[PDB]
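Student: One structure follows; several queries about it will come next.
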Amino acid sequence: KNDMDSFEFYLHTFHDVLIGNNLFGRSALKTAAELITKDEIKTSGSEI
Amino acid sequence: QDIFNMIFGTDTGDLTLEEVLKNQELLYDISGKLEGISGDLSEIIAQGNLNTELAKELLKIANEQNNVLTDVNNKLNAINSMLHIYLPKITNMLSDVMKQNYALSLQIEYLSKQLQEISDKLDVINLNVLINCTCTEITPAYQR
Amino acid sequence: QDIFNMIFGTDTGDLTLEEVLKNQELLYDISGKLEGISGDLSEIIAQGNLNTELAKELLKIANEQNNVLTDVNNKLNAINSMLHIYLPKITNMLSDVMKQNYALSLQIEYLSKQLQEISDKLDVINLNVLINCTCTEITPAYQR
Amino acid sequence: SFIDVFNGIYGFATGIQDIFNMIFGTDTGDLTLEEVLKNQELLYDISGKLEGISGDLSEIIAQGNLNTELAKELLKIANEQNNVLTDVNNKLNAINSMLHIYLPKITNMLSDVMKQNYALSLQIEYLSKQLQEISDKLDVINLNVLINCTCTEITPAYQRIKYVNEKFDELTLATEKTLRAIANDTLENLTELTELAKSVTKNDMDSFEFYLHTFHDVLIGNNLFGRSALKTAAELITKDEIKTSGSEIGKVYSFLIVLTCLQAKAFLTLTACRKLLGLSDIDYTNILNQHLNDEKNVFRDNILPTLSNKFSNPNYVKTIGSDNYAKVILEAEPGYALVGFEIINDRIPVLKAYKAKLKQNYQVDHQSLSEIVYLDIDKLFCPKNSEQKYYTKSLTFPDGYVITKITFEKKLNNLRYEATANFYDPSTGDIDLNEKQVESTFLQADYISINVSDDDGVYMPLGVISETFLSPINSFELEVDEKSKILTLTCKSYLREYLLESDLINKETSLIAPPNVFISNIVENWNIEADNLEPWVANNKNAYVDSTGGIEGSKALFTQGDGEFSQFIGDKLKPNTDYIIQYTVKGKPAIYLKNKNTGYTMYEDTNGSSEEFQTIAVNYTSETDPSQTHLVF
Amino acid sequence: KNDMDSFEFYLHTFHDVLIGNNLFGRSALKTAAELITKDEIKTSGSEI
Amino acid sequence: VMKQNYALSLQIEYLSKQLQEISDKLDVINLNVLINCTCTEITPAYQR
């Protein structure tokens, strides 16, 4: 269904928030990366 | 992309999914009986040797009965088209789509476990600082 | 409550608002011509003195033409019901509803001005303290 | 033209109104496209059924004997039925012709709308870049309280509007490409665009118009429960320190422009989608103007007077300067004023000072915009192996004075600077030359001493020391901390007055973004992006223009063998004048300055190897009045 | 239309937020009343 | 279903009263930072 709450709209919003196309560019990818890279997490694998 | 091409391979030529009324069992016998009665009435009218007004009113009631039979036959034909030439194709497409989707998701199974482990490590040892490293604008879209 | 009673006073007996196809002008003449042709064919069939197979095939084509005419007449009847016995009643109800709504809203006109003045006074002289005196949970519902 | 003049919110609204008038000029008829399609399908079904019946009647009337009277009656009935069928087919063909003439007009209107929307959106690219820089430099780790107060109510409407605008642009571009690369295929191409138009023009709850109205409501703060998004966003931007180009006024104005142009593009998309479906034409000019005027009034009356017109340098670079005499004079000609500065440190530090005439109410004239380039600016602000004493003072002038000349003098590591400001008389925009004031530090006794301490170089200011748009300055100063060895160029702009008199009262606006390109360079087509290059000429096909073998996507000149690129620049080469030759190269190039007759290499590289692109900047002098000298690469 | 975003749902949500049927009883009426009753507002009529 | 649901909900009346008392006694004037972190994602689902 095509409307202001369509599934494709949510896909595009998810992509925009991930890449940082917000009002103040708060990219979700960078925030999640800086959350993961905390030294308190002790799991296998590097930060990359 | 390959699954997209497979999906586009399904014909579905000029057909749109509809609601199966699940009334085929009664509609079939109703259509058969109405067809028999309409045929008998048509033969009676076509035999001739009838009064003009009587023949005209018989023709009118035959037309109305044919309207009823045509509506029943149209409903039955829609049901048959849904259940015979549309649903099997859609079910085969869904089977192939889910098989290929499962095959692709088998690749992302170790990484899902790694993300789950990272999440289990985060919530055990954290504080309000984690609040500064959280995004709320993406939660509705992600959940959806 | 009085406006609710007035709204409930409208009959709308077993009628649901539909889409006016705006095709009455062509459908009327199409229905008239098809009715004339169907009547002539019915008279020809009812006159008798015809071959049995010829009479039967004429009856079949007359039934199909009557199906077409019946579909056209049903569409025209739906259009006429919308434009003659449903739309005028709904428009009268809407006129009465908006008149009484305007009469009631005339009462809340000084208070709206007072609220507007309060809002104009708030935004001119305020600071981040106003942030502590704002509600966000109600904004979507209020705006809607 | 190297100048990105911004026409203001009023200019953007006027452009949107022009596009609205262009849209309303296309007459689609009196029937909605959906109604046309419904009529077409109804007539098609009726025509098919009648064709079947007529075929059956014809095949049963031409087979039997049918007697004489019966044959005549059947022939008459068939004639009547065929007349009805021909009437239905004529109506269907009329519908098809109407559709076949309606679709090309719609496609042309969509193409024109896309072209004009792109032309209008080209203006706000600089403002989007500025907002992105502000967001990147924003200290969000401790400002999450405010950033979750502004983008908590505007976020849904903003997301909906951005999604609708981007999808409309993408679909229009796709349709244009398909048309460049009949009615049924056009409908099959435009089905997605028509679905988008139905979604955005659906007069229902939580529609596109609903979010468009709630965007303005949240920006203004009509409801008593919520807070104005503009005011809290301005508080977020202005508080703390955001070390970016422009002052608080410029940053908040850029944010307001971004939001306003987003709203204008949303209204344009709504109007275009309404016209695409063939719906009734309702002019959104009044409501769009009301929203923009309300937002500008809120910014003008509740935000702008509390903002500061003070702008500093964007960032700093740790460099070791030099010693001995170093004098720079940012003098402007009579009738001119300084509007901004730029310090660039890529190969050799340079100082670009922009000077221009004024056109009433502190308006910078783009016609007379010029720049002065000073080389080796690092040797003026920093020492090499001694201690430098700075005699700093806030050279603030009374309101109504515009700074014309700024002079820096470093003598025996004593950096003393003075400024001169002439009277402006904003009512007429005439910089009076007789009435002037001088604020000087040449006679100061107190100073601030900084020791270089070899590797501990001083942080020279770097970036664009200018307002978000070029504007005259009435206060200029250099700030020295003496703790971290940081020098800051701090100025005060006149943007507030020009905004109050030009854009915030709905008048003509002409704002000039600080150029990122040297506007005084004499090399026509300095970066090869313009097609059909007249100055650049190739001696043969050996050397060509690579569309992707340059900086980012620049069409760099690629030379392979004996081929070379020549450009005659002897007309603009002044005799006995110093010049800076700068170029980004890759591989092993060679740059010469030939003199046509009696070919001699005034300047020559003849070496330099690099597998990647690097920037080379050198000094050059032309002495014996060349009047004929072409660059050869 | 009856769904999770129906108009009647928004009416009920508006009423609940007004009377304070939230997770932590943040009544919108009381918040708006304490916002209006600030002495900085100089308009005709009492706080009542 | 209504009878048994009422019987079950009779148990949580005391807990609802306790939560209401906590909300009333909550110092929300300076705790708006946290109260806008918990009831910002759970609010739509809770309302529905």
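Student: Pick from C:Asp29, C:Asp96, C:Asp123 the residue whose mean-square fluctuation is largest in a GNM of chain C, springs joining Cα atoms under 10 Å.
Tutor: Of C:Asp29, C:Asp96, C:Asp123, the most mobile in the Gaussian network model is C:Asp123.
Student: Counting alpha carbon pairs within less than 8 Å and at least 6 residues apart, what relative contact order, in whole percent, applies to region D:399-453?
Tutor: So the answer I get is 29 percent.
Student: Let me ask another. Once both labels are modelled 7 Å past Cα along the beta-carbon direction, what's the D:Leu122-D:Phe568 spacing in nm?
Tutor: Going from the D:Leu122 label point to the D:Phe568 one covers 2.9 nm.
Student: Report the gain in length on full extension from D:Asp283 to D:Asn222: 0.36 nm times residue separation, minus Cα-Cα distance, nm rounded to one decimal.
Tutor: Roughly 19.6 nm would be gained on extension.
Student: Among D:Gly587, D:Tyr494, D:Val480, which residue has its Cα furthest toward the positive end of the charge dipole of region D:463-595, with +1 on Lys/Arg Cβ and -1 on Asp/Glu Cβ?
Tutor: D:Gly587
Student: Using only the alpha carbons of the protein assembly as shown, determine the length spanned along each of the three principal axes and report them from longest to shortest in whole angstroms.
Tutor: So the three principal-axis extents are 134, 91, 69 Å.
Student: Compute the whole-percent fraction of alpha carbon pairs in region C:67-109 spaced more than 12 Å apart.
Tutor: Summing the P(r) of region C:67-109 above 12 Å gives 68 percent of all pairs.
Student: Could I ask something else about it? GNM on chain B, C-alpha springs below 10 Å: top fluctuator among B:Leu127, B:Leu87, B:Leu15?
Tutor: B:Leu127
Student: Looking only at other chains, what is the average number of their beta-carbon atoms within 10 angstrom of each beta-carbon in D:144-152?
Tutor: The shielding value for this peptide is 5.
Student: Residues with beta-carbon under 12 Å from that of D:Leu288, excluding D:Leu288: net charge, scoring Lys, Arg +1 and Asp, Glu -1?
Tutor: That works out to -3.
Student: Among B:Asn126, B:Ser95, B:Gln47, whose Cα sits farthest toward the positive end of the charge dipole of region B:47-144 (+1 at Cβ of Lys/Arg, -1 at Cβ of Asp/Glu, about the Cα centre)?
Tutor: Positive-most Cα among the choices belongs to B:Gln47.
Student: What FRET efficiency comes out for the pair A:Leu29/B:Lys75, r = Cβ-Cβ distance, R0 = 41 Å, nearest 0.05?
Tutor: Efficiency at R0 = 41 Å is approximately 0.15.
Student: Let's test the formula: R0 of 22 Å, r as the Cβ-Cβ distance of D:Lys243 and D:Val145. What FRET efficiency results, to the nearest 0.05?
Tutor: With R0 = 22 Å, the Cβ-Cβ based efficiency is 0.55.
Student: Hey, fewest Cβ within 10 Å first, where do B:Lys89, D:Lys411, D:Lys162 land in order?
Tutor: D:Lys411, B:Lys89, D:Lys162
Student: Let's test the formula: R0 of 45 Å, r as the Cβ-Cβ distance of D:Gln132 and C:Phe4. What FRET efficiency results, to the nearest 0.05?
Tutor: That pair, D:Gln132 with C:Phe4, gives E of 0.25.
Student: Assign unit charges at the C-beta atoms only (+1 for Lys and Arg, -1 for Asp and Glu), then state the dipole size of chain D relative to its Cα centre in Debye, rounded to the nearest 20.
Tutor: 1080 debye
Student: Also: Test of understanding: ordering D:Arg496, D:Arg347, D:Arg180 by Cβ neighbours within 10 Å, fewest first, what list do you get?
Tutor: Ordered by Cβ neighbours within 10 Å, fewest first: D:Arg180, D:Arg347, D:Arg496.
Student: Let me ask another. From other protein chains only, count the Cβ atoms within 10 Å of every residue's Cβ in D:34-42, then give the mean.
Tutor: The shielding value for this peptide is 2.
Student: Related question: Given an 8 Å cut-off on Cα distances and at least 6 residues of separation, report the relative contact order of region D:468-572 as a percent.
Tutor: Once divided by the residue count of region D:468-572, the mean separation gives 19 percent.
Student: Tell me, which longest segment in chain A has none of the trypsin sites (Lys or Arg not before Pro) that fall in DSSP loops with at most 12 further Cβ atoms within 10 Å?
Tutor: A:2-41
Student: How long is the gain from D:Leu433 to D:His213 if the chain were fully straight, where each residue apart is worth 0.36 nm and the alpha carbon distance is subtracted?
Tutor: Extra length from D:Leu433 to D:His213 when fully extended: 74.1 nm.
Student: Farthest toward the dipole's positive end in chain D, which of D:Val618, D:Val252, D:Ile61, given Cβ charges of +1 (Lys, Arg) and -1 (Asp, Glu) about the Cα centre?
Tutor: Going by the charge dipole, the pick is D:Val618.
Student: Which entries of A:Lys1/D:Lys198; D:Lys162/D:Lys198; C:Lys75/D:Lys202 show an alpha-carbon separation above 19 angstrom in the structure shown?
Tutor: Violating the 19 Å limit, Cα to Cα: C:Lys75/D:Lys202.
Student: Now for a different question. How crowded by other chains is E:4-15, given as the mean number of beta carbons from other chains within 10 Å of each beta carbon?
Tutor: If you average over the peptide's residues, the count of other-chain Cβ atoms is 4.
Student: Another question, then. 222 nm [θ] for the protein assembly as shown, helices only, -39500 (n - 2.57) per DSSP H run of 4+, per residue, to 500?
Tutor: -16000 deg cm²/dmol
Student: Here is a further query. Just rank B:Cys135, D:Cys149, D:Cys491, fewest to most, by other beta-carbon atoms within 10 angstrom.
Tutor: Least to most surrounded, the residues fall as B:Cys135, D:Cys149, D:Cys491.
Student: Further question on the same structure: About its Cα centre, how strong a charge dipole does chain F have in debye, to the nearest 20, once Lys and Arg get +1 and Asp and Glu get -1 at the Cβ?
Tutor: Approximately 220 debye in magnitude.
Student: Still on this structure, please answer the following. Please say if chain F is rounded, prolate or oblate, where rounded means a/c under 1.5 for a ≥ b ≥ c the square roots of the C-alpha gyration tensor eigenvalues, and otherwise the choice is prolate for a/b larger than b/c and oblate otherwise?
Tutor: Here chain F falls in the oblate category.
Please note: Cβ atoms are built from the backbone with ideal geometry, for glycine as well, and neighbour counts cover all protein chains shown. All of the numbers you see were taken from the coordinates with simple rules; none came from a lab.
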